[PDB]
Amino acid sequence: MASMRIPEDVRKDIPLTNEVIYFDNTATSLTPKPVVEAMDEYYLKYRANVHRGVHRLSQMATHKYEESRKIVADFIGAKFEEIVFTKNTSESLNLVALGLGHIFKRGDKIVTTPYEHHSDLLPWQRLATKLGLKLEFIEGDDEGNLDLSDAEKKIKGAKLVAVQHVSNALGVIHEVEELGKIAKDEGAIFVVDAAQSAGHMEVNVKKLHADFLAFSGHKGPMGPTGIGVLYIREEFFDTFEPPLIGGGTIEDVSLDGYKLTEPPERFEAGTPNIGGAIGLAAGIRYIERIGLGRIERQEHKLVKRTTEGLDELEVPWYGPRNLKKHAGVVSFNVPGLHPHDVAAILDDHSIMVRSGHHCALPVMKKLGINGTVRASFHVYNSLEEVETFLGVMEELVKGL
């Protein structure tokens, strides 16, 4: 951690904060200058492919790529070899399903939540359709709070359990450690979608009891696009079948066949996103300078003021009322305005928010709504921004 003012010192590294009030962090974060500079350095000063080529540029790129893997492993409490780079969380979750497919038999059971983003639902639906599996959903309420008694009943006899850490639509923070303990007791593989928690709060594989965990660098970690992570706990190394194979994944190859190399390269086919890995390690180091605790504290300030100000204007908001279980995401609706209209009006005031179903249609259907307006934060967002937002909201509500 370093000494700095929050949010001011972070804002100074993000020129866009001078132009807009960016409340669409759940979709993607804004990117600080030092992350762009780290990537630029690769492209202009040490550009090369990895895999320990003899030449000095490849040696440098290889060292920085390995450094970056180790940075990511330490960020989530994993070992170097348990970190695989992918393009995004969605790729990572697809690879889990694809790579474990062979272990299932007709009738086996998979359990998830009813609030999953499509990327943590479709792959399991496909697998369940292909193999004749049972796909069950833990009961929960309209705020996103899961029924843990029901979770114990459902996870019992489950082959695999997949859950999101944080809902991208509702902002609910699930009791992932509790669910992971339940899964471990029952002998179920435990897969965590951490796309909305990484970089916003602590994410640790050992604490969560994760067997597989996915996250996206472009979200909370303040990294670039095109870089995702898939954590594979070591005990699955020889069980997980790499879905993508080719250059970089082998030890030997003849016309007649092949032999794969060891993790993590075993799972990384072709030239990785070397620039993106370097940028994501820069973003994790930038997050570490600020500190996760300061980030979580700042975001709770924002959520508390926002949700109190919407209460004053009688604007309904979704998700947990208990703010200790509410991440930096506030979904809401203005009675008698479609959420795209609210979004458009806010855009006119240079406030960026998202509208619609948020790739979580089953949440919208469970709630009986077509979508929501969503304001989401990061540590560079300020209470002054929130006040400006609430002023615009007030005028909108007073206008009718």
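Position 1 is the first residue in the sequence shown; the rest follow in order.
K.L.:
Averaging C-alpha B-factors over each stretch, which comes out higher, 277 to 285 or 250 to 258?
P.N.:
Mean C-alpha B-factor is greater for 250 to 258.
K.L.:
Going by the mean C-alpha B-factor recorded in the entry, which is higher: 160 to 168 or 213 to 221?
P.N.:
On average, C-alpha B-factors are higher across 160 to 168.
K.L.:
Which listed residue, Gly226, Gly77, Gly309, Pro243, has the largest C-alpha temperature factor in the record?
P.N.:
By C-alpha B-factor in the record, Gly309 ranks first.
K.L.:
Which listed residue, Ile182, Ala194, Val84, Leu98, has the largest C-alpha temperature factor in the record?
P.N.:
The listed residue with the largest C-alpha B-factor is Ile182.
K.L.:
Using the B-factors in the PDB entry, rank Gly187's C-alpha atom against the chain and give the third, lowest, middle or highest.
P.N.:
Highest third - that is where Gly187 ends up once the chain's C-alpha B-factors are sorted.
K.L.:
What third of its chain, lowest, middle or highest, does the C-alpha temperature factor of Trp317 fall into?
P.N.:
Top third by C-alpha B-factor.
K.L.:
Would the CA B-factor of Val353 place it in the lowest, middle or highest third of its chain?
P.N.:
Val353: CA B-factor falls in the lowest third of its chain.
K.L.:
Tell me, lowest, middle or highest third: where does the Cα B factor of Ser58 rank within its chain?
P.N.:
For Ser58, whose C-alpha B-factor we compare with every modelled residue in the chain, the answer is the lowest third.
K.L.:
Ranking the modelled residues of this chain by C-alpha B-factor as given in the entry, is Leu44 in the lowest, middle or highest third?
P.N.:
Lowest third.
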